[PDB]
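Working notes, structure below.
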RNA sequence: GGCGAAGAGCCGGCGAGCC
RNA sequence: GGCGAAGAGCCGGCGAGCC
């Protein structure tokens, strides 16, 4: 499996709520192709990788590229929750915040919390 | 009809035979999408348009585009004859010789006779 | 009701392969 | 054999639309 570490549920809820609100005033990429290219292009501020993705090879490359580019990434239980948070009626294996909009502080606190684990 | 002039049957046979041999030492584009783009790009020396194409709007733009680009064009009865001559296993609505290989004079003479119509 | 971020369809490049 | 130059599939691009 591609999941490198365990994320507390309340921090996950914080992450998806943040993603929901960011879609309103920022820019988010949704889907593994858009997310990976956004990371590769140097644009991603925070990427989300679902934990129930099968086969794992859809997203298994995503964590290492994110490590090489020093871009924080977080895990969420279900592709359904991530799909709901980006608001595209279907499950979603990975996503990314590209522009934090007006949610400077909330994003900053969240990313400090990911690096702290 | 999108057929701008009448092409004698014997000129059709000469044209398809020459095209047949040209695939071997020259270069031919096959299908309307490739041919139209190649003429528009200015590389095509001579294009073939089947007369039994349906619906006609598939190839109806080619004659005038070829005129705009000053490219000589000839008509052949059936997309079947053109498809066999360009050597595919399905019908073909239009084609083009872009580089004459070893047939410089033959292509030139053919084009003069086409202008003669 | 169906399909769809496990990528919709559309575009550029190649231009005969896929089951 | 079915589909296929009326564009097969591969690559790049946009990134939610098509039945």
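Multiply the residue gap between residue A:2 and residue A:43 by 0.36 nm, knock off their C-alpha separation, and tell me the result in nm, one decimal place.
Contour length minus Cα-Cα distance gives 12.5 nm.
How far is residue B:33 from the same spot in each other copy, in nm, shortest first, if each label point sits 7 Å from Cα toward Cβ?
When each copy's label point is compared with this one, the spacings are 1.6 nm.
Please order A:23, A:41 by the number of other Cβ within 10 Å, starting at the fewest.
A:41, A:23
With the contact rule set at Cα under 8 Å and sequence spacing of 6 or more, what percent relative contact order holds for segment B:1-72?
This gives 35 percent for segment B:1-72.
Give, as ranges by residue number, the residues of segment A:8-34 whose backbone N falls under 16 Å from the point 7 Å along Cα→Cβ of residue A:99.
A:21-30
Work out the FRET efficiency for residue B:89 and residue B:25 from their Cβ-Cβ distance, taking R0 = 22 Å, and round it to the nearest 0.05.
The value I calculate is 0.50.
Mind running the shape call on chain B? Use the C-alpha gyration tensor, a ≥ b ≥ c as the square roots of the eigenvalues: rounded below 1.5 for a/c, prolate if a/b tops b/c, oblate otherwise.
In terms of gyration-tensor shape, rounded.
Provide an ascending nm list, one decimal, of label-point separations from residue B:3 to the equivalent residue in each further copy; define each label point as 7 Å from Cα along Cα→Cβ.
In nanometres, ordered from closest: 6.9.
Where does chain A land at 222 nm, in deg cm²/dmol rounded to the nearest 500, when only DSSP H runs of n ≥ 4 count, each adding -39500 (n - 2.57), divided by all residues?
Estimated from H runs of four or more residues: -14000 deg cm²/dmol.
At a Förster radius of 35 Å, what calculated FRET efficiency corresponds to the Cβ-Cβ distance of residue B:61 and residue B:9, to the nearest 0.05?
Once the sixth-power term is evaluated, E becomes 0.85.
Rank the residues A:43, B:62 as a footprinting-exposure proxy: fewest other Cβ atoms within 10 Å of their Cβ go first.
A:43, B:62
Using label points projected 7 Å from each Cα along Cα→Cβ, tell me how many nm separate residue A:109 and residue A:78, to one decimal.
About 2.7 nm separates the two model spin labels.
Using ideal geometry, Cβ is built from the backbone for each residue, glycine included, and neighbour counts are taken over all protein chains shown. We did not get these values from a lab; they are worked out from the coordinates using the rules stated.
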